[PDB]
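>>> No letters, just coordinates:
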Ligand SMILES: [Zn+2]
Ligand SMILES: [Zn+2]
């Protein structure tokens, strides 16, 4: 356990949703913050590669600007 360790990811740090077996866990690679299907419901492309990466809405703005 150091930092981004899903091991303790059972509560979205954005909305505060309670993860479970019915919902899957998500985690933004740009900022490094675990998000739920509600905050991670977005995919933006990166200039370092041709592929839609999944990032929280917030980061989505840092790339669409
Ligand atoms: Zn959320
Ligand atoms: Zn982010």
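That came in fine, so what should we check first? Residues are numbered from 1 along each chain as shown. Ligands and ions are numbered 1, 2, ... in the order given.
>>> dump the residue contacts of whatever residue of the chain ends up closest to ligand 1.
Nearest residue of the chain to ligand 1: residue 15, at 2.7 Å (C-beta to the ion). Where C-beta positions appear, they are placed from N, C-alpha and C, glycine not excepted. With contacts defined as C-beta atoms under 8 Å, 6 or more residues apart in numbering, residue 15 is in contact with 36, 38, 39.
>>> Try it again at 10 Å.
Taking C-beta atoms under 10 Å, 6 or more residues apart in numbering as the criterion, residue 15 is in contact with 35, 36, 38, 39.
>>> Mind picking the two most distant members of those?
Farthest apart among the contacts of residue 15 by C-beta to C-beta are 35 and 38. That separation is 7.7 Å.
>>> anything in contact with each of these two?
When contacts are counted by C-beta under 10 Å, 6+ apart, the set common to residue 35 and residue 38 consists of 12, 14, 15, 17, 26, 56, 57.
>>> Name all residues that make contact with the residue nearest to the first one when sequence neighbours are not counted.
If I follow you right, that is residue 12. Spatial nearest neighbour of residue 12, chain neighbours left out: residue 36 (3.9 Å); criterion: C-beta to C-beta, 6 or more residues apart in numbering. By C-beta under 10 Å, 6+ apart, residue 36 lies in contact with 9, 11-19, 23-26, 56.
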